Every structure is written in C-alpha cells, then in structure tokens.
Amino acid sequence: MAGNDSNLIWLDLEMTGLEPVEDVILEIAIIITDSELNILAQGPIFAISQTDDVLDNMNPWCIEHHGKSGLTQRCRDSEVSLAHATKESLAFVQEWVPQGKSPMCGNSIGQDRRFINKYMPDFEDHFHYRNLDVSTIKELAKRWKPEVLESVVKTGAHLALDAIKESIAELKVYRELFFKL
C-alpha cells in the first residue's frame, strides 16, 4: 500500500511562537495513514537543534509548554539541523504517497503550513495545495452537533508524534459519529 494515490500525510510542527516572520521550527513528526485512517507508517521524529538564546526567548506560552513537554531540553541536546530534517522528511513522505496527491493533514494545519512554506519549501512541494484541517470539522461539530465533542479525547503534550495521533483519533471519532456512512 506504499504509493496509493489516496494515502494521507499527517504532520505536526512545534515552533518558538506563532509568527513565521520571527519564529522557527523546533519539532516535526509525520504519520502516513491510508484513506480510511489506518496508520501505515511513522516517520522519524526530529527535535531541531536550536541555540540557547532562541530557546530562552521564545513565547511565554512556549517557555511553559515546551519546557513542560520536554521539547526544550530535547532541542538543547539535538545536533539535528533543519536542513537534515527536511531531507529525511521529504524522502520518507516520497516513499509512501505520490507528489501532489495528499493534502496536508492535522489540527489547524494551515498554521504549520506557513512554517513549512517559509522554512521547508522543498518538503511543501510534495503536498497537494489543499489542507485537510481536523479543526474545521471540530468547528462544525461545535455548532451542529456538540455532544460529539464528548467522545473526543485530548491527552497531554509530549512529542509532536502524540499530537498527530490525537488528530487522527479525533477525525476517527467524527467519521463514526458525525459523518453519514
């Protein structure tokens, strides 16, 4: 099933803040599912090597939340450059889905896409221009059928890996309870 036109690239980034103009990427994880949301593969996980003054002067939210998740320390200890993570990610994703076919999948994935466009345009090129944004459906559920949100489970932050598994599980809940089979 490695090359199916309908497979999906799921990803989550962690950043030093919200604005691509000043902020940089700290973490990347990728999961490939088939079109039915079965998990076909996990990409490597990269904490991105960043200097201490970058890590120390990020967003208050980020100091707290990345400090808590253990990401900050993992970037202190990493030798991984963004340049390397971009090559590996692109090669992995190429191994699984044809160029141009899969939209970018995840929660508020357009935010991530801003960072990928600016900092990893080679990687972005493998994707379709479309976004599969799980938060779109959450917003429709909030207004159309909010009790569905009760079945949605949100665990605590560790890896970007975990945040992706949450997005998939969330969409899986919607498929079962919110969309018509």
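Position 1 is the first residue in the sequence shown; the rest follow in order.
Judged by mean Cα B factor in the deposited record, 56-64 ranks above the other of 145-153 and 56-64. For the two regions 136-144 and 40-48, the entry's Cα B-factors average higher over 40-48. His158: CA B factor lies in the highest third for its chain, per the PDB record.
The PDB entry assigns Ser35 a C-alpha temperature factor belonging to the middle third of its chain's modelled residues.
In the deposited entry, the Cα temperature factor of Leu11 places it in the lowest third of its chain's modelled residues.
In the PDB entry, a CA B factor belonging to the highest third of its chain's modelled residues is recorded for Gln73.
In the deposited entry, the Cα temperature factor of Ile168 sits in the bottom third of values across the chain's modelled residues.
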